[PDB]
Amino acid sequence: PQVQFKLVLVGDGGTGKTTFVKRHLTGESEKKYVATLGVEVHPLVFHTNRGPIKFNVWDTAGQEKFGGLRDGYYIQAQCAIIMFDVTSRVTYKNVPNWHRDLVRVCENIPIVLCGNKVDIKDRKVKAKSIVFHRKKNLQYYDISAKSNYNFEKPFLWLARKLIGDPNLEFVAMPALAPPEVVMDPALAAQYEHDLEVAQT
């Protein structure tokens, strides 16, 4: 059997939400537009060692600010990704606002925080400065949508939390759009270590 989860993707306009979700090619070709809510729902299939899992990712069509999404957006949300731009400190300042707006309607759902555009070397929100929490239902990852860097990480963590299986794995990567930029390997190694020590 295949399981299905509604995933709300929220964050300030211009942080890369649409660019990120569109990396999953099949989810883009099968996306569904919801006219009454101004949303594109991308059905993202991931193939795990226990079967297929589908994340129905809700990506807004507009530039809504926190608290500006129609109420139907959050209805029956079972997980979420909050995205910001590591080159724009204001988009990270608004992460607690999106988190507050989300938890007001959905309460306790697993949430992943994603700092996008880490391919840009002039990073303003540094890994060391990422505010980390004691919450078991919150996790952070660096991502670069245009390089597919860490694309699968948020979905794998959410899948493990939703299924309750810490050893869940993806047996194959989904078909992704070819990278448009290069993620510097030295930066990736340094960022990954900086986040390890900060989380612990």
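Throughout, we count residues from 1 along the sequence that is shown.
For the pair 187-195 and 16-24, the mean Cα B-factor is higher in 187-195. The question of which stretch, 155-163 or 61-69, has the higher mean Cα B factor is settled in favour of 61-69. Across the options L138, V39, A145, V45, the residue with the most elevated CA B-factor in the record is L138. Ranking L102, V118, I82, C79 by the C-alpha B-factor listed in the PDB entry places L102 at the top. For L113, the recorded CA temperature factor ranks within the lowest third of the chain's modelled residues.
Placement of the Cα temperature factor of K54 within the chain: lowest third of the modelled residues, per the deposited record. In the deposited entry, the Cα temperature factor of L176 places it in the lowest third of its chain's modelled residues.
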